[PDB]
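For reference, the chain that follows is the form deposited in one PDB entry, supplied as structure tokens.
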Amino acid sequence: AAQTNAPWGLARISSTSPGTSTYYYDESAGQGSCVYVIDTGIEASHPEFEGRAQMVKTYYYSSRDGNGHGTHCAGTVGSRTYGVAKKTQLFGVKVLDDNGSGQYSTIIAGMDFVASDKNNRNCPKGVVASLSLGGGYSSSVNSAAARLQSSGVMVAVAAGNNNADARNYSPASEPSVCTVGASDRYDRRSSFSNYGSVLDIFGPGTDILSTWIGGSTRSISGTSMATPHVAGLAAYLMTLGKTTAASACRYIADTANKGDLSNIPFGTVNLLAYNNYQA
């Protein structure tokens, strides 16, 4: 399938070259997979989600996304226009308040929630969790992400926006999850993207158009935007039967566009997420 005039990041993940504007993907489109978006919530009523998004948990007085960040990330996973996996099911877990902040204890509870809650959902092609969040190093946050992954969920986490080594941030520094850095439309490392040995993959993260609250759209930048590209890609590849939750990160790295990014420091992988879809 071909989506013309797609956001640059969607076009990038199906291309061997930057500078194109059509997204190419297998029509299965993540059907039968599920992606949990652990964030500020999701505006499930947005027409871009086509009824495929729902809130499953909040730790606050509402499950509504009063911020926009979680809606944007969910849109990159799975919205009809802005999403990688256009037929996946989206489940929102509101661990972040409407100012975008959350206590680590609530974030940990949300991760353990997903590990159990997947047993209450129908995801025959597999389960992914997208974590566009993080703070300073925490062994307990890392361990929660490790448990979620161990439980059979493909966990993708943002590397962080500190232009520094991700070793000092969590859950970015957890080895067993998929830590995602950000690139721009010219195949440069995004100027804010963290780096380091713990990164597994880069995805589009500068000037990413997606859904926003109030039934709107907007373009924002961050490793928070790169992470859902990878989460959606995992869901898409699992639906195709090309990988599994336990190995999706390594499969994405194995099949990535290699050596095409600039300003990647020595010791950080030079790998850009790629669906290898051949029409």
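Numbers for residues come from their place in the sequence shown, where the first is 1.
Taking the mean C-alpha B-factor of each stretch as recorded, 8-16 and 255-263 are not equal, and the higher mean is that of 255-263.
Note on 98-106 vs 79-87: mean CA B-factor is higher in 98-106. Of the candidates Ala246, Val230, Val37, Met238, the PDB record gives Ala246 the highest C-alpha temperature factor. The PDB entry gives the largest Cα B-factor of the residues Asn162, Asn119, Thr71, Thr179 to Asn162. Ranked against the other modelled residues of its chain, the C-alpha B-factor of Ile201 as given in the entry falls in the middle third. Per-chain ranking of the deposited C-alpha B factor places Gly92 in the lowest third. When all modelled residues of the chain are sorted by CA temperature factor, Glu174 is found within the middle third. The PDB entry assigns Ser143 a C-alpha temperature factor belonging to the middle third of its chain's modelled residues. Residue-level temperature factors show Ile213 in the middle third of its chain, judged at the C-alpha atom.
Keep in mind that the form solved in complex with a small molecule is missing from the display, and what follows is about it.
The contact residue chosen from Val93, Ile201, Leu90, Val127 relative to the small molecule in the entry with it bound is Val127, the criterion being a non-hydrogen atom within 4.5 angstroms. Taking non-hydrogen atoms only, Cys123 approaches the small molecule to within 4.5 angstroms in the entry with it bound.
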